[PDB]
Amino acid sequence: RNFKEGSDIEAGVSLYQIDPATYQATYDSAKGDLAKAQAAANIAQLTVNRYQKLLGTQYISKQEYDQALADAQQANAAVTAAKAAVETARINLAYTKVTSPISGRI
Amino acid sequence: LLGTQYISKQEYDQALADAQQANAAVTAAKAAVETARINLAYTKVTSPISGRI
Amino acid sequence: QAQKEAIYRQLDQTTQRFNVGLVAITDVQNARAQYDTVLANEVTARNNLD
């Protein structure tokens, strides 16, 4: 219990502590996939970036470059997905606790 | 393999890709493992504080 | 002649891969080698041409 009982507190200043142990890794689980999310997507990024240089050049095969650029498009979307996963977790981790957005006598 | 340019930097990119994310999956795992184990830690109830029971 | 036009552009793009790293030199040397044989091929024709 972080606060001083009966004192007055600002908003969102977290004076209690849940055990993060469960969630704390839980946040990490998303933080893991996000990396996995960015990872697989990052490589896609490089893939298109390379191919893009191919653009106008021979092998590009506008379809295929598009295939990766999708993968770019596709992967990064997953990137956005995991980022929230991290986000949902974080807001579920640093969620704890303080406090009633109101800032007042506790 | 890249020591003498025997692969595709693209390729090596892909290899590192999973190797990057793989461990992340691992991270997804160890995070997972601790989770239940933590619960198994919850089982075997710990006195959250000290004092006369 | 068109063979070179074809086979060169290939070799031409192949380096572009090695330029993008999308190939190694093995692709390249052979590709280059792959090309050069074309050159070897054609001249004889002109030779034969004459």
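The rules we used
Residues numbered from 1 in each chain as written, not as in the entry; some residues may be left out. Chains lettered and ligands numbered in written order. Part of a larger assembly, values for the part shown. Heavy atoms only, no water. Helix = DSSP H or I, 4+ residues; strand = E, 2+ residues; numbered from the N terminus. Buried < 20%, exposed > 50% of the residue type's maximum accessible area, 1.4 Å probe, protein only. Areas by Shrake-Rupley, 256 points an atom, 1.4 Å probe, with all protein chains shown as cover. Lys, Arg positive; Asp, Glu negative; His and termini not counted. Charge placed at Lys NZ, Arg CZ, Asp CG, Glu CD. Expected span 1.5 Å × (residues − 1). Contact = heavy atoms within 4.5 Å. Buried area = accessible area lost by both parts, 1.4 Å probe. Salt bridge = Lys/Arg side-chain N within 4 Å of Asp/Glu carboxyl O. Polar contact = N/O pair within 3.5 Å; in protein donor to acceptor, adjacent residues only side chain to side chain. Nonpolar A, V, L, I, M, F, W, Y, C, P; charged D, E, K, R; others polar. Axes fitted to C-alpha atoms, helices over the stretch in contact; angles between N-to-C directions. Parallel < 35°, antiparallel > 145°, perpendicular 65-115°, else oblique. Left-handed = near helix turned anticlockwise from the far one by under 90°.

Looking at the entry header, you'll see cryo-EM listed as the method and 5.9 Å as the resolution.

Peer 1: An account of the overall build of chain B is requested, with residue identities and associated values reported.
Peer 2: Regarding its fold elements, chain B presents 1 helix and 0 strands. With the C-alpha coordinates of chain B rotated into their principal frame, the extents come out at 70 × 15 × 10 Å. A burial count over chain B gives 19% of its 53 residues as buried. Element-wise, carbon and sulfur atoms account for 63% of the exposed surface of chain B, whose accessible area totals about 4,200 Å². Where the 5 positive side-chain charges of chain B centre and where its 4 negative ones centre are 23 Å apart.

Peer 1: Quick rundown of helix α1 (residues 9-42) of chain B? Include the residues and the values.
Peer 2: Across its 34 residues, α1 of chain B extends 48 Å between first and last C-alpha, which sits within 8% of the 50 Å expected from 1.5 Å per residue. Every buried residue of α1 of chain B is listed here: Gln10, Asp13, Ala17, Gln21, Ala24, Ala28, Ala31 and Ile38 of chain B. Taken together, the buried residues of α1 of chain B touch α1 (21-54) of chain A. One or two positions beyond α1 of chain B, positive phi appears at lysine 44 of chain B, with a value near 65°.

Peer 1: Please set out the interface of chain B and chain A residue by residue, giving values where relevant.
Peer 2: Accessible area lost on assembly of the parts is the figure often given for the size of an interface. Every contact between the two is made by 17 residues of chain B and, on the other side, 16 residues of chain A. Both faces considered, chain B and chain A share a buried interface measuring about 1,400 Å² in area, 58% of it formed by carbon and sulfur atoms. The largest share of the area that chain B buries against chain A comes from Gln10, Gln20 and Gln21 of chain B, three residues that together contribute 32% of it. The interface formed by chain B and chain A holds 1 salt bridge in total. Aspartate 13 of chain B is paired through a salt bridge with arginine 50 of chain A; the nearest N and O atoms lie 2.6 Å apart. One can count 3 residue pairs in polar contact joining chain B with chain A. Taken together, the residues that form the side of chain B that touches chain A break down as 7 nonpolar, 7 polar and 3 charged.

Peer 1: Explain the side chain of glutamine 10 of chain B to me, and be specific about the residues and the numbers.
Peer 2: Residue placement: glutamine 10 of chain B occurs in helix α1. With a relative accessible area of 10%, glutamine 10 of chain B lands in the buried category. Engagement of the side chain of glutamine 10 of chain B in a polar contact is seen with the side chain of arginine 50 of chain A, the distance being 3.4 Å. In this view, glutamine 10 of chain B contacts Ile43, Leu46, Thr47 and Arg50 of chain A together with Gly21 and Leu22 of chain C; residues no more than four positions away in its chain are not counted.

Peer 1: Before we move on, could you go through the packing of α1 of chain A against helix α2 (residues 62-93) of chain A and cite the residues and values that matter?
Peer 2: All names here are of chain A. Across the interface, α1 lies against α2 with an axial gap of 7 Å and an inter-helix angle of 160°. The pairing of α1 with α2 is recorded here as roughly antiparallel in orientation. Judged by the sense of rotation from one axis to the other, the crossing of α1 with α2 is left-handed. For the contact of α1 with α2, the per-class residue count stands at 21 nonpolar, 8 polar and 5 charged.

Peer 1: Run through the interface of chain C and chain B, naming residues and quoting values.
Peer 2: Each side of the interface is counted separately: chain C has 6 residues, and chain B has 6 residues. Each partner contributes to the roughly 420 Å² buried at the junction of chain C and chain B, and carbon and sulfur atoms together form 62% of this total. On the chain C side of the contact with chain B, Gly21, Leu22 and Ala24 of chain C bury the most area, a combined 64% of that side's loss. Counting across the interface, chain C meets chain B through 0 salt bridges. There are 3 residue pairs in polar contact connecting chain C and chain B. In the side of chain C that touches chain B, the residues fall into 5 nonpolar, 1 polar and no charged.

Peer 1: Now, about α2 of chain A: what can you tell me, with residues and values included?
Peer 2: Note on helix geometry: an α-helix contains 3.6 residues per turn, so any two residues three or four positions apart are oriented the same way. Residue and element names in this part refer to chain A. In this model α2 runs 45 Å from its N-terminal to its C-terminal C-alpha over 32 residues, within 8% of the 46 Å that 1.5 Å per residue would give. Among all positions in α2, only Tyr65, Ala68, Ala72, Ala75, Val79, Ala82, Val86, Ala89 and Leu93 are buried. In the core, the buried residues of α2 are packed alongside α1.

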